[PDB]
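In the structure tokens that follow, a single protein chain appears in two forms: structure 1, then structure 2.
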Structure 1
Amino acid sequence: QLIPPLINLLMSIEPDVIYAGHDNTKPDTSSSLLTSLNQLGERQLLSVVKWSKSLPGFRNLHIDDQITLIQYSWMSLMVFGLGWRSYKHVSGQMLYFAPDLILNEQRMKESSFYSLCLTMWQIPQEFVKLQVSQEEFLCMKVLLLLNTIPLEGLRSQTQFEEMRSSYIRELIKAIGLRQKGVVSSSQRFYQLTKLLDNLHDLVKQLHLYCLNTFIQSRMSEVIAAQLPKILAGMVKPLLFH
């Protein structure tokens, strides 16, 4: 019938359209395309922060926990959002970074980062195969913000665990909206959470690309800074399987 209140609340705090400030009425160069993406990334970061403060439970956490979670989640959140837009607007056939920045297959190949494109393109394809709902996407997204904590843990550890548990229950409610039956629901939950778990690996790849693209545009200080985001055993991932 109706949509659960929390999920409806999630829909209403979804960030509105963010343009890249890209001119499509003129051919792109390797310089302008990368410049457009960085500008979009900066704008999307401020949006992630603004979105997190409207998230029930997030403000209860110590300011230091809030910072940490965003540091360990911005990449995942950005590529997951890209996955959703590409899925909804163009059936996952191309990368919908923004309304004024859509990369089709032929353009991805001509670029100097087709490999990265194929990696990111994995998500929209998965959304198509699973036929993910908006309600499911919204709950999964919050779970990404709460999927990695430091080895020592957080200051508001108990408050965090409770928040994580609430959104897990919400995802189950989202699934229940269409999956009627305990066997089908259980099977759906496994598929969606398996997808969430796989993002831990995929995101390390994106961080490496970012680190390698930096090196190419320009020493041990730079390496050491990003290492914790590409290497295993540095942080504590929260896996469902």
Structure 2
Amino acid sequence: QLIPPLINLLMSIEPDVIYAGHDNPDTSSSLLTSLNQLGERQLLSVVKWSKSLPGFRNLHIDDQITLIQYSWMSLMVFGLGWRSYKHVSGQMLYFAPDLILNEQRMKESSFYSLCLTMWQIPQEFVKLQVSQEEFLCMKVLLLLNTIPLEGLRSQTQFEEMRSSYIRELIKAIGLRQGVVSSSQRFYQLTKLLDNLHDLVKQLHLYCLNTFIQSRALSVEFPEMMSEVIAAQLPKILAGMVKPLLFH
């Protein structure tokens, strides 16, 4: 309608809701395994999605692969925030329609602590009242929010691609926002993205530790998920990548 074309395209390429396949007898092991399964399924959707994402397929194949493997985590927790904020007013973590967790289902300490950290996103969503339009644009920026220390092969086309999406976000902010109020809401939304780097870092550490101890904890990791983890997680944890900040 009165909504910009690219934002409309972004909405059309958003995947259908993904189920985890959970049963429900939730042990910590059966819960983590279900979360890795849902992740495996989300990874597939991310990749298929990036192929319709305007501008993405025009970057080097190496670059497409690097950006995906660098951002899967941030993307999955950011979309967790949306679903949570949208279906249960952000007061419950809506991983999937068959895997929604309240405070009672988070028995183990470390696990409840991880959840409390992810919960910050849907809480900001409820607070700033993030829009469907703003969300879609921000999700794309996250895909383009970290690059190799030495840069990307198609760096120029990447920088041009990222600017279009920053301009697109401003368009979505202009849908509801004034000059100072719009300029202020821009500061707010790009600061939120900035704060995700630090947020995703804790999820990474918890993930790699759970992966490395997958035998003991009896927690299974699928093939595609095991690959991105093994291929990029350690490097990222060691801070051997370049985070793109707005502030």
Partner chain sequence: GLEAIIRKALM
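FYI, numbering is relative to structure 1, first residue = 1. So that the term is clear: the rigid core is the largest set of C-alpha atoms that superpose within 1.5 Å between two forms.
Taken from the form solved in complex with its partner chain is structure 1; the remaining one is not. No residue of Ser112, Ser165, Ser91, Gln131 other than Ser112 has its CA displaced by 2 Å or more between the two structures when the core is superposed. Relative to the superposed rigid core, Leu227 undergoes a CA displacement of at least 2 Å between the two structures. Comparison between the two structures places the CA of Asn212 1.8 angstrom away from its other position, after core fitting.
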